[PDB]
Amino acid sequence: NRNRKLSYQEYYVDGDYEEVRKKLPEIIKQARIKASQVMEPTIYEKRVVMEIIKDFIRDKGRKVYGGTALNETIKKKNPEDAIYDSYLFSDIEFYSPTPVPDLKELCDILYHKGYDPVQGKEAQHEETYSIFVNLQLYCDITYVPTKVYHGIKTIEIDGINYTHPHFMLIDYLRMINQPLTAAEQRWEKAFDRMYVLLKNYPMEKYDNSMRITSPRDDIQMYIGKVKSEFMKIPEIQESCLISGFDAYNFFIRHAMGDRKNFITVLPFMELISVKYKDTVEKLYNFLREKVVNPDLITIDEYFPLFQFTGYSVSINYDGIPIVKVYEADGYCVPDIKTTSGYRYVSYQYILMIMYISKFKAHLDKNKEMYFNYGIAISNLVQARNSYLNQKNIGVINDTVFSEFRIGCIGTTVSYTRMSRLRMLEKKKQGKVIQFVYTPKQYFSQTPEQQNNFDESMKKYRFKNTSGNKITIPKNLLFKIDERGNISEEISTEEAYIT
C-alpha cells in the first residue's frame, strides 16, 4: 500500500559495469592527452621548460629519483614496461648536496630566459624545494648530505644520472614497512612499482659464503647474554625487535627446519627500539653488571643516516661492539612474536635492513661488510623462495615469510597529524612556515639587498643525517659521568650540518 502507480526504466543492465570498467582507462588517457594539447600551459610549452631543467641536471651531474628515474631505468630494459606515456607530463625529482643554491641558479636561468611567474618554494616534505613556472610544478630538489650523495649509485641515460632501481627499492620497502601510516594511500602503488622494478632489475644470486670474523670469546659470551637474558625482560620484549644478523639467522633457520652454510656467526647483536632512550639505559646497565671489568664499557653514538635510520648507539666492551641499538620512536615496527616472548623484525623489514646496511658499508668503503650484506640479501631471497615452494603457499600467507604484514609494535600517528603538529611547532618558534625565492623580486632589488639575501641563504642549516659518529658533547643523547653512569641529556639541541 506504498505507491503502486510507479514505473521505472533500466539505464544500466548487468554487463554494462564490466564494459565501462575495461574501456574507461583508455578513454581517461585520451582525455588527459587532449587536455595537454589545448590547455595552458600546453605540452609544447611544458617540454621547452623541462628541457632547460634537464640541461641544468645534466650540467651539474644531479641524481634523478622517483617516477622519472624508475620510468627511464625500466624503459632502458623493456620499453613496454614504462609507467609514463612520455606525452603525459610528469615533474622531475632530483637529489642535491646544495638544494637552495641549485634552486636559485635554476630559477635565475628560467627568469633570464623570459619566463614569468618563476618561483622556487619549500615543499611539504622539509629539505625538498619545488620550482613553479607559470603556476605549474616542474621539479623537486631534495637535500642529501655530501658523503651520502656521492655514494648514491646511478645509471647514466642520455647524459642524466638516474638513481639505481635497487637504491629506489629501499623507498618502496619503507612504505611496505609502515603498515598503519602508509597502507591506505601507498601499498597498491608501491607493489605495482616494486613488481615492474624487480621484473626488469631482478634480485641477484650470489654463490659465495659470508666471511664474518668470530668475535673474542668474552664478546661472544656477552652477545649471548644480550639474547638469552636481556631479551627475556618483559619491558624489553614489548619495546624491542631483534634485527641485523640474528634476525637473518632466524629466517634461515625457519627455511631449513631440519628435514645450513647460510647461517652466520653473530659479530654483534642489533636491536630496533620504539622506546630508544629507555632501551639504551637498561642495556648499558645490564652489560655493566654481567661484564668482567665494567670500566671497559663505552658508548659510541651515531647521527641518523639519510631517510633510512634514526639515531643509533654501539655499546662496546674494551673497544669491541657487543650490541647496536636503533631509534624507531614514533613508528609502529612490523614484528614476529615468538613463543619465547621476544620479537624479530618482519621478513620485508629485515630485507630493507640488509639493503640499508649494504649501502652504509659502501659509504664506509668496508669491502668485507659490503660483500657480507650482499650475500645475506641473496641468501634471504633464496631461503624465502625455497620455503614458499616447499610449503606450497603464496607470497601472502600465515607464516614468518609472508609479505604485506600489518602486525606491528610501537605508538604512531598519521602523516597528516604529524604534518599539522610540525606546522604548529614552526608557528610557535617564530620560524618561516614556507621559504620562497622569486628571481623577479631579487633582480629588482639593489646590490646591497641582493647581497643581504645571498648571506641569508648561506646561514641556513639542514638536520644532520650524515650517519657519522657524534663527537660534540652537546649533540650526544646519552651522558656518561666520571662514575660511569648513564643518564639522558634533557637539554639536547638538534644537530645541524654543514
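Residue indices: 1-based, along the sequence shown.
Count the deposited residues lacking coordinates between residue 259 and residue 260 and you get 10 or more of them. For the two regions 84-92 and 156-164, the entry's Cα B-factors average higher over 84-92. Averaged over CA atoms, B-factors in the entry run higher in 117-125 than in the other of 117-125 and 355-363. For the set 372, 228, 98, 200, the PDB entry assigns the largest Cα B-factor to 228. Of the candidates 433, 49, 57, 69, the PDB record gives 433 the highest C-alpha temperature factor. In the deposited entry, the Cα temperature factor of residue 305 places it in the lowest third of its chain's modelled residues. Per the deposited record, the Cα B-factor of residue 399 falls in the middle third when ranked against the other modelled residues of its chain. Annotation for residue 316: C-alpha temperature factor in the middle third relative to the rest of the modelled chain, per the entry. Annotation for residue 43: C-alpha temperature factor in the middle third relative to the rest of the modelled chain, per the entry.
Sort the modelled residues of the chain by CA B factor and residue 18 lands in the middle third.
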